[PDB]
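Positions 4 to 221 (the authors' numbering) are the ones given, in order, by the sequence shown. Everything on this sheet refers to the single structure shown next.
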Amino acid sequence: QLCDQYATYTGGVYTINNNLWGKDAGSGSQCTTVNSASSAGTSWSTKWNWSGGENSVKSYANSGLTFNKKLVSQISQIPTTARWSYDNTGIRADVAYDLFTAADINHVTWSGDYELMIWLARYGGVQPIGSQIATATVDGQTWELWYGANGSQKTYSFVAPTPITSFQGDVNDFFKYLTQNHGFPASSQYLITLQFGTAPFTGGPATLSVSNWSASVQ
Ligand SMILES: OC[C@H]1O[C@@H](O[C@H]2[C@H](O)[C@@H](O)[C@H](O)O[C@@H]2CO)[C@H](O)[C@@H](O)[C@@H]1O
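Put into structure tokens, the structure is as follows:
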């Protein structure tokens, strides 16, 4: 039961972090519970109540994968499944994959030269960094594609037009899209991080239950 800002637990190839990186922007608390974490997947939940700092993310409690880092151009597949639900959707928050890449394979793993997000859900109109630049079709499904930047990190967010509580896909289809359509430098960027979780702004109490998350990088 993980309540502290960087409380964490690792089982198998999964690492679950409470990751209350934004806690000083508001008032409240958040605890993350690990149900299972094995070679094959992980199940966990996080319960939070946040107020204040309404335009600032308070946290990104998440499960992250331990994998062999490699150039995005050398990746064949990133198969993943995510099944989740929120008990309370009267909130301002999003549910998302978060991936970082860097030119340095030893970059710090909480940021990148690039970031790729895949938002399975958003509540209350909260939005990714930047602006919508395209509607992208990936594996036969449409995504709003956002692009933003903070002057070091450049972030592409693929946003689901409606909530996807049971997702199965290959994240490498998204990297391929970026490489082929947006000049993403796949041959000089290492994939360094692959996480799935939720980013709350305000609301609660609310509980994200992740009944299963799996991924691999081949
Ligand atoms: O700002 C540092 C903080 O970033 C977190 O990642 C952010 C990302 O920077 C942002 O572009 C995106 O919209 O949301 C993610 C998730 O909140 C990261 O999780 C932290 O560990 C890091 O301290």
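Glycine included, every Cβ here is placed at the ideal spot set by N, Cα and C.
| query | Taking DSSP as the reference, what is the three-state secondary structure of residue 215? | reply | strand
| field | Own chain residues within Cβ distance below 7 Å of residue 87, not counting five before or after | value | 98, 168, 211, 212, 213, 214
| query | What residue from 130, 176, 114 has the CA that sits closest to residue 144's CA? | reply | 176
| request: From the DSSP output, in three-state form, read off residue 5 for me. | output: strand
| Touch check for the segment 152-163 and the segment 123-131: three-plus C-beta pairs under 8 Å? | yes
| field | Sub-8 Å separation of residue 125 and residue 205 beta-carbons | value | no
| Under three-state DSSP, which class holds residue 27? | helix
| field | Distance, residue 190 Cα to residue 30 Cα | value | 43 Å
| Could you give the distance in angstroms between the alpha-carbon of residue 178 and the alpha-carbon of residue 33? | 32 Å
| For the candidate residues 100, 7, 117, 77, whose alpha-carbon lies nearest to that of residue 84? | 100
| request: Determine the extent of the alpha helix (DSSP H) in which residue 176 is found, giving its start and end residues. | output: 175-185
| query | What are the boundary residues of the beta strand (DSSP E) that includes residue 52? | reply | 45-54
| field | Burial state of residue 59 (16 or more Cβ within 10 Å) | value | exposed
| So is the beta-carbon of residue 101 under 7 Å away from any non-hydrogen atom of ligand 2? | As presented, the structure is devoid of ligand 2, carrying ligand 1 as its sole ligands.
| task | Measure the Cβ-Cβ separation of residue 192 and residue 117 and say whether it is below 8 Å. | result | yes
| CA-CA distance, residue 104 and residue 55? | 31 Å
| task | Tell me whether residue 209 sits in a helix, a strand or coil according to DSSP, three-state version. | result | strand
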